[PDB]
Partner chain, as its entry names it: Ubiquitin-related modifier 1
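Before any questions on binding or motion, here is one chain by itself as structure tokens, the form deposited without the partner chain.
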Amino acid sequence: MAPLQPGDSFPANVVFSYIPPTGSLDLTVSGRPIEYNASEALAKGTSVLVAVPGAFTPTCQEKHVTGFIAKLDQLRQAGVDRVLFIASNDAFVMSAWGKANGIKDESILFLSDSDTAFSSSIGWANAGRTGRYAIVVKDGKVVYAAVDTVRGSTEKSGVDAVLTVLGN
């Protein structure tokens, strides 16, 4: 299928699995997963959805999520209402990944694209992992969608690319 383009509607009926943040960073509490209605959340306001190949893996952790965390204030000033990080890791691993990064609240949500269903549906999954990509949505419409295919690069899906889009 053709990748998402600016002006496309964000796909309907997209649901992720996640553990909402409790405020505790205690990694030894597994938590309770529920679902997240991504299509509904993205229908209003400005959203940034970032997919990473794997929680805790080197680029995803040391460059990609850390870049977003470092510029959360700039994202908020740019009008972003929600930031979602997804991967194929299960909700328990994703919750731990957020806690390991000090995220106690909803500033970034960490969710599972179970079995890569959503990422596969938009052509950006590989053998059980999602690609590395970012989608910016406003009021249910794609503003930007791009995937990084160069190993270790966040040129297209990193926080700076997203901030550039929002400033234009």
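Numbering follows the first chain given and starts at 1.
The following text describes the form solved in complex with the partner chain, which does not appear among the structures shown.
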Q: Go through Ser39, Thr59, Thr46, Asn126 and name the one with a heavy atom inside 4.5 Å of the partner chain in the entry with it bound.
A: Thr59
Q. Would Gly23 count as touching the partner chain in the entry with it bound under a 4.5 Å heavy atom rule?
A. no
Q: Please check if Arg82 has a heavy atom lying within 4.5 Å of any heavy atom of the partner chain in the entry with it bound.
A: no
Q. With the partner left out of view, is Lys141 within 4.5 angstroms of the partner chain in the entry with it bound by any non-hydrogen atom?
A. no
Q. Applying a 4.5 Å heavy atom distance criterion, does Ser9 contact the partner chain in the entry with it bound?
A. no
Q | Stretch from 62 to 70, 103 to 111, 133 to 141, 118 to 126 whose residues place a heavy atom within 4.5 Å of the partner chain in the entry with it bound | A | 62 to 70
